[PDB]
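For reference, the chains in residue letters:
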Amino acid sequence: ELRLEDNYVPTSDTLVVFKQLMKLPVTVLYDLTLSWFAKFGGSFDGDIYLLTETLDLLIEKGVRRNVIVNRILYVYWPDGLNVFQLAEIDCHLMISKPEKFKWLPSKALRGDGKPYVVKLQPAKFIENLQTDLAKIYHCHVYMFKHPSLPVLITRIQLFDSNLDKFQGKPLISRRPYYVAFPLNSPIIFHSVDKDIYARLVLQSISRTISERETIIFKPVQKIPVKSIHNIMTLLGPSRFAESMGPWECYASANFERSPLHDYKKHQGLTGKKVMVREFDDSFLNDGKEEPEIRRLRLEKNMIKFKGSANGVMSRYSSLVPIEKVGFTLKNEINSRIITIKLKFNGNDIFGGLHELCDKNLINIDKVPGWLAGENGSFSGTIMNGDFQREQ
Amino acid sequence: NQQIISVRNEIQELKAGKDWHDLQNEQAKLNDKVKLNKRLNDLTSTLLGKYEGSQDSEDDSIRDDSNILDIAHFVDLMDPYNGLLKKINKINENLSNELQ
Amino acid sequence: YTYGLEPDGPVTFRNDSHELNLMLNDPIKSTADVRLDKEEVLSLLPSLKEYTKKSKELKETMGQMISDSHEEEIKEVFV
Amino acid sequence: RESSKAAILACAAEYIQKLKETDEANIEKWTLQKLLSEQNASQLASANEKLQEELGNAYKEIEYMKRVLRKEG
Amino acid sequence: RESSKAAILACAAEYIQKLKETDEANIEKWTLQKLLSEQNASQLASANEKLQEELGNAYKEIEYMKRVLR
Amino acid sequence: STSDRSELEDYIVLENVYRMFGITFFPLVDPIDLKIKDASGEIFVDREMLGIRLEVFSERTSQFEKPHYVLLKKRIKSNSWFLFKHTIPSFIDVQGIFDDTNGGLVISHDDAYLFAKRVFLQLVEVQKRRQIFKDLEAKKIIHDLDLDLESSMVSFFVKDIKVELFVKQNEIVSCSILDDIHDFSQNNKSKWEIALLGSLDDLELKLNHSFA
Amino acid sequence: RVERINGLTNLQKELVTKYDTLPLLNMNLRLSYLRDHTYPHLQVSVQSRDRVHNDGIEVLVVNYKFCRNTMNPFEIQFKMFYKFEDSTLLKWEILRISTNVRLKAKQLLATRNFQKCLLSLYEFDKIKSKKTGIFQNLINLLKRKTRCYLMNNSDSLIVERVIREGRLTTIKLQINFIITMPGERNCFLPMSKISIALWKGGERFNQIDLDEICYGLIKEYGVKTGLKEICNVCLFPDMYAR
Amino acid sequence: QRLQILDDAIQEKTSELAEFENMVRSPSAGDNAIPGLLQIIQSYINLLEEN
Amino acid sequence: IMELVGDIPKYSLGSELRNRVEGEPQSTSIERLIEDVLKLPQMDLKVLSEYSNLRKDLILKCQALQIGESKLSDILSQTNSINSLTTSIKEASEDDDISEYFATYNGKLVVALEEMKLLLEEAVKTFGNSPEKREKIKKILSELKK
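This entry, as listed in the PDB, derives from cryo-EM and reports a resolution of 3.4 Å.

So this is what it looks like as structure tokens:
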């Protein structure tokens, strides 16, 4: 009934969308506009072949992007673009500049407290969600897969009617919201906003996925994450999850080759070399040094902060950079409980700590694992030598 | 618009609780236990007469295991490697070697 | 165990099943005292009568072979 | 391990009432345990005593043993 | 009830501690009398299994009856 | 020396022969958990760690698939294992399996092997589906296809008809046929969809029979 | 100090130098983890190992011995050829089998995917050992109060008591523990089954209720205590009336 | 129809079982000689391991 | 008028039923169907009667299914055992000779036992002890433990 269709035109400010459009290269503009004219046509007179040769002759003459953008916004579709095109431009923006966007994780659970591995056919999900949402708000939903990851991404935008205006009859836009689904995992990723519209959305996804048994979403983290690649690496269905930090090589899994591999090149015959540790604390006490031992000291720091001598990803940049972490140690001394709460901030906390270790301000052998980066992206409390994620 | 979202959230919250699962599991356990008590009392009385029930006949044999038992026994007996004849040949040759 | 002091029994069975990979005689589902009856299922699956009688015939042939072999008596002197 | 003071207070109240609720059920279970234990003990004692008198009937049957023995030697 | 907020919180801590202690205490006495009843049942069963065993062995004398009537 | 290089030879050849079993315990340790005994000047490890390697024989290639690993650590007080790190994907709830084993009090290496065997069978139940589906693709019994990560939901074109399947371990539980064809009436569609259910081993045979 | 390590390295210096998290490469440690921590009682040895360098193909003949039942261990011998490069198997052949398991294992060994064969043989051995353990415990718990007869090549046993309600009324029970080798219809491992049978005065009791009793009591008390308790129910009701 | 396609499989497997039953069949009357020989063997078997 | 309904309400019947009743389900799953139909409640009078009869018949149908697979699995295990034995005898003989294999079983037994007897009647009977008669009697017992 209230489900929208692709030919409707919303209202918004032209300059903002112009600035959004200016981000894109010329070639993608050409492709997008050819497709738009192919599907919808336009106010311009002439066949698409005529449009094709005009756009061509425009580009081989080396015209600037401003001319094409002005054409799109003022002659081809002067009254405004469709909702489909508005969604498409944001899709391309996200794909081109992933690091500009933030996400939060959410875990799907069923009645008995077990993880619910969500498996999704897009058609049933999209139709059910559209029908559920349309009863409350006018909703347009666009769904697509990331070009380079196994994730399905959805863009949800809500509209409402009209400050004062006469019988123009447009619907004013609003800030969009995003959700993503890995193929086989209990986890959900979504944008960071707590307005009631986002709550309505997330509730609608939770309602519609179920279809055979009840489902509920339980947040697992309170601080957002950027760059969908990173959050996919941290919590998506993968080998790196629960093998982060010093434990990355098992996720890599290239150290070991299959058993039938040749004998003489099986690494066991050939071996490797490593450095001996020192345990009597001479760190605080105190160039009179030589290259090799210093090299292996740097390798020791590398592995303690990266997990591999070659340093599987500068020498300090980490796999997934972390911007904020808050820890809280709880230790018992003389039947008295003592609290220390460390707070770090930056672009890569553990890379900075690694740099300080290289400058010899911190003793490597006394850096705990939770400080080294394991349990990555999780702030939490450590009791009895066991990390515990904050509630 | 606020109220509808609130009530929907409550609806989702109710059915995922631990207690809702625990009560059903407990009820299933109660049913199993009472059925077991019924059956045990019935069969021990049947063993001891004074039964006042049926539990004492084989008019049908839809559910049975004697088939697999019987054929496994035979396959063990007819085994061309462990059969009784293979056995007796081995022991006969051993006894012949012992005697000569 | 269930209500005295809140087990050993059921957990013992679970470990026994996971170490033995143990079959066990499953119940039959029902609803509203719509219980199984032999005649209805036997009619709906006619094969079971043929299976019964021919498995029987097999059993008598196999049993008379076994008795003529006296394998039970031959093994009794090794029990 | 709550952090905010409001969350701390709420969790403390919930924990308090949960302990209070648990105590009553813990008390209740013991009466049922007493009933089951004394029932089992009485059943086993009845088994022992009626097996003793069943063995009494058996020693009467051993007097019949002893009669069958006199009837032959 | 009491006035100062700090007093309220301190009383809450005291209340939690005593609740834990009280919940812990009863288990010990319940378990001790449970153990005594358990071992009483165990020795009574140790006699009952005897009574069982000689009652079963009495069938040898029952054979001594009915194998005379061979 | 010469003897060492030549005897490592036969020992690892036997180690190959032991990796020929699939479920394969392998050792492991955590660096931070090492301390000194303060009188003998000797080092020791605070918390034991167990490693498991999960190799599946790929009959499709006569090689082994890239293995999987799961790693367990001991609690400080309880003297019982807990699941610290692992490579097993999240759709395999290794934590739940661990908590289920022995009521959650995993202590013995036999309990650890029970847990390890459970996860290994759960991995083999994935590779077993992937192998047969890739075999069907290889012999052109089906046209192109797409798979989910665990090979539980699978979509494929047979010749022109296309099918959607949702499979448990070794068994198909639901089926859907999407294309519309002149001879593909609803009764024809229904009986096809029903026949496609059952064990996966018979799917190749029955699909080849229902080629037309 | 700096050290070079390999598969033969002493574990102590590997540990002291351990600041990474990779697998411990200590080679007898991996072999032990395989040999007596995931496959205990599997005594295996490689009989021949020559590689044909001209063809670049390893040739193996390796002999196994499964000694869960030390009174009669069964053995098997695999010949095997792999490429020695690119990690590919060419062929493998079972040169030898102990006759005591020949038929019972042939269907398994007829299947390819050696992993299946070897580890299923392993679990078959342990499950047979456990089967015998359960029977022997029941025999011990019942021997003197009710003499009892294991039969059907150790697959099923019989127990008996004489009911005193009627004059010399007999009651008879026998139990089955059958182990099935895989090969057809869900998994690829050896699996076992329990079922019981009861008679009073030669009259068989209806098997549906008896099977459900077996089911429930085993689930409540496991096979061990559950079956001991089955025997308590069936062979001792007269004591038990109250 | 599901029940019917169970039923056909049960016919097929019962046919296999009947084929094996016809396979194993053969007459027999003189089991007494085997019994007597087995008793004679049991004499020595008892003399060895009667316990 | 909210309350008047001369019908069952929606959301009170399994997913498969609420799909099929109003449209083509787009997929089928017999297991889902049986665990859904097992939920159907007790209740014009003719519609009620046909409902009850049809539901009872359906419950019996799925019970018959379950029973059928329960017997089917055992039958498959059986046929596997017989196949193993038949293959073993086939390869052991190198020809068919299988009816006569079973028939000559007892004949081979009796001839084996008498050719055994003619030497064992001293080799183990005159030895008159397990240790003394070891090579024959104790070998037989050890093999009797396989």
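On to the overall build of chain E. When its secondary structure is counted, chain E shows one helix and zero strands. Taken along its principal axes, the extent of the C-alpha atoms in chain E is 100 × 15 × 10 Å. Across the 70 residues in chain E, those meeting the buried criterion constitute 19%. A total of about 5100 Å² of accessible surface is found on chain E, and carbon and sulfur atoms cover 60% of it. For chain E, the centre of its 11 positive side-chain charges and the centre of its 12 negative side-chain charges are spaced 6 Å apart.

All names here are of chain F. Within the open sheet, the four strands sit side by side as 1-4-7-8. Their pairing is antiparallel. Among the strands making up the open sheet, the edge pair consists of strand 1 (23–27) and strand 8 (81–86). Taking each pair of neighbouring strands and ignoring which way they run, the sheet shows an average axis angle of 30 degrees. Across the sheet, helix 3 (residues 109–138) is in contact with strand 1, strand 4 (49–54), strand 7 (68–74) and strand 8; its angle to strand 1 comes to roughly 125 degrees.

Right, let's get into the nonpolar core. Within the largest apolar cluster, 114 residues are counted, with the highest numbers of intra-cluster contacts made by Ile52 and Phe115 of chain F together with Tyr64, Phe78 and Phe114 of chain G. Setting aside chain neighbours within four positions, we find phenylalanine 115 of chain F in contact with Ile52, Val70, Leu72, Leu83, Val94, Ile97, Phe98 and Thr101 of chain F. Among the nonpolar cores identified, the runner-up in size contains 38 residues, and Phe84, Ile322, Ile349 and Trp370 of chain A belong to it.

A few words now on the pattern of salt bridges. Residue and element names in this part refer to chain A. In this structure the tally under the stated criterion is 62 salt bridges over all chains. Residue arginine 294 is joined to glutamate 289 by a salt bridge in which the shortest nitrogen-to-oxygen separation is 2.7 Å. With relative accessibility at 32%, the residue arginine 294 sits in the partly exposed group. Overall, the relative accessible area of 48% leaves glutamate 289 in the partly exposed class. Here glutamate 292 and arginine 295 are joined by a salt bridge, their closest N and O atoms 2.3 Å apart. Note that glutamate 292 and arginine 295 are positioned in helix 11 (residues 291–306) at a spacing of three residues, about one turn of the helix. Residue classification places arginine 295 among the partly exposed positions, given a relative accessible area of 40%.

What follows concerns the packing of helix 3 (residues 47–69) of chain C against helix 1 (residues 2–24) of chain H. The interhelical angle for the contact between helix 3 of chain C and helix 1 of chain H, taken along N-to-C directions, is 20 degrees, at an axis separation of 9 Å. By the angle class used here, helix 3 of chain C and helix 1 of chain H are roughly parallel. Crossing geometry of helix 3 of chain C relative to helix 1 of chain H is assigned as left-handed. Taking contact as the criterion, the partners of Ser47, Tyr51, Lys54, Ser55, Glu57, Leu58, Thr61 and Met65 of chain C in helix 3 of chain C are, on helix 1 of chain H, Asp7, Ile10, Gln11, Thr14, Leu17, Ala18, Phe20, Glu21 and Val24 of chain H.

Below, the discussion takes up the pairing of strand 12 (residues 386–389) of chain A. Within a regular strand, side chains alternate between the sheet's two faces. Residue and element names in this part refer to chain A. Across four bridges, strand 11 (residues 380–383) lies against strand 12 in antiparallel orientation. Of the residues in strand 12, the one forming a bridge with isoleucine 382 is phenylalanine 387. In this antiparallel pair of consecutive strands, strand 11 and strand 12, the connection spans two residues, and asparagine 384 shows a positive phi of 55 degrees.

Another aspect to go through is the interface of chain F and chain G. The partner chain G presents 46 residues to the 44 residues of chain F that form the contact. When residues of the side of chain F that touches chain G are traced back to their parent elements, those giving at least two are helix 1 (2–19), strand 1, strand 4, strand 6 (63–64) and helix 3 of chain F. With eleven residues, helix 1 of chain F is the largest single contributor of residues to the side of chain F that touches chain G. For the side of chain F that touches chain G, a count of residues per class yields 27 nonpolar, nine polar and eight charged.

What follows is about helix 3 (residues 102–110) of chain G. Working note: α-helix, 3.6 residues per turn, so residues spaced by three or four point in the same direction. Those residues of helix 3 of chain G that sit buried are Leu103, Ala105, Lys106, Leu108 and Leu109 of chain G. For helix 3 of chain G, the elements touching its buried residues are helix 3 (66–77) of chain B, strand 5 (74–82), strand 6 (89–97) and helix 4 (114–142) of chain G together with helix 3 (45–93) of chain I.

Attention now moves to the packing of aromatic side chains. The full count for this structure, using the stated rule, is 40 aromatic pairs over all chains. Measuring from centroid to centroid gives 5.1 Å for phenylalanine 125 of chain A and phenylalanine 181 of chain A, while their planes differ by 75 degrees, and the two rings are edge-to-face. Between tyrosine 18 of chain F and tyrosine 39 of chain G, the ring centres sit 6.3 Å apart and the planes meet at 20 degrees, which makes this aromatic pair stacked. One end of the pair, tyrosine 18 of chain F, is in helix 1; the other, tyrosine 39 of chain G, is in the loop between helix 2 (27–35) and strand 2 (42–48), on a second chain. We note that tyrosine 18 of chain F, like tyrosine 39 of chain G, is buried. Above the plane of the ring of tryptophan 81 of chain F lies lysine 74 of chain F, whose end atom (NZ or CZ) is 5.1 Å from the centre. The positively charged end of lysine 91 of chain G is found above the aromatic ring belonging to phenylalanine 81 of chain G, 4.5 Å away from the centroid.

Residues and elements named next belong to chain F. Of the two faces of strand 11 (residues 162–167), the one holding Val163, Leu165 and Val167 is buried and the one holding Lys162, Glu164 and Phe166 is not buried anywhere. Sheet topology places strand 10 (residues 153–157) next to strand 11; five bridges connect them, and they run antiparallel. In the strand pairing of strand 11, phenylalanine 157 is matched with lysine 162. Hairpin connection, strand 10 to strand 11: the antiparallel pair is bridged by four residues. Bridge count between strand 11 and strand 12 (residues 171–177): five bridges; the pairing is antiparallel. By the bridge assignment, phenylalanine 166 is partnered in strand 12 with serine 174. Hairpin connection from strand 11 to strand 12: three residues lie between these consecutive antiparallel strands, with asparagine 170 at a positive phi of about 70 degrees.

Before going further, it helps to examine the environment of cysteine 234 of chain G. Along the polypeptide, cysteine 234 of chain G turns up in helix 5 (residues 207–235). Taking the C-alpha atoms as reference, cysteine 234 of chain G lies 13 Å from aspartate 209 of chain G; in sequence the two are 25 residues apart. In this structure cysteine 234 of chain G touches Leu47 of chain B together with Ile171, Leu173 and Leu198 of chain G, once residues within four positions along its chain are discounted.

We now examine the arrangement of the chains. Here 23 pairs of chains are in contact, and chains F and G lead that list by number of contacts. Taking C-alpha atoms only, the smallest gap left between chain G and chain H, which are not in contact, amounts to 14 Å.

Conventions adopted
Residues numbered from 1 in each chain as written, not as in the entry; some residues may be left out. Chains lettered and ligands numbered in written order. Part of a larger assembly, values for the part shown. Heavy atoms only, no water. Residues with missing side-chain atoms left out of burial classes, pairs and counts. Helix = DSSP H or I, 4+ residues; strand = E, 2+ residues; numbered from the N terminus. Buried < 20%, exposed > 50% of the residue type's maximum accessible area, 1.4 Å probe, protein only. Areas by Shrake-Rupley, 256 points an atom, 1.4 Å probe, with all protein chains shown as cover. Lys, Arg positive; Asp, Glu negative; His and termini not counted. Charge placed at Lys NZ, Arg CZ, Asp CG, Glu CD. Pairing = 2+ DSSP bridges. Axes fitted to C-alpha atoms, helices over the stretch in contact; angles between N-to-C directions. Contact = heavy atoms within 4.5 Å. Core = buried A, V, L, I, M, F, W, Y, C linked by side-chain atoms within 4.5 Å. Salt bridge = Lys/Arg side-chain N within 4 Å of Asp/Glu carboxyl O. Parallel < 35°, antiparallel > 145°, perpendicular 65-115°, else oblique. Left-handed = near helix turned anticlockwise from the far one by under 90°. Nonpolar A, V, L, I, M, F, W, Y, C, P; charged D, E, K, R; others polar. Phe/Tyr/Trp six-rings, centres within 6.5 Å; stacked < 30°, edge-to-face > 60°. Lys NZ or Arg CZ within 6 Å of the ring centre and 35° of its normal.

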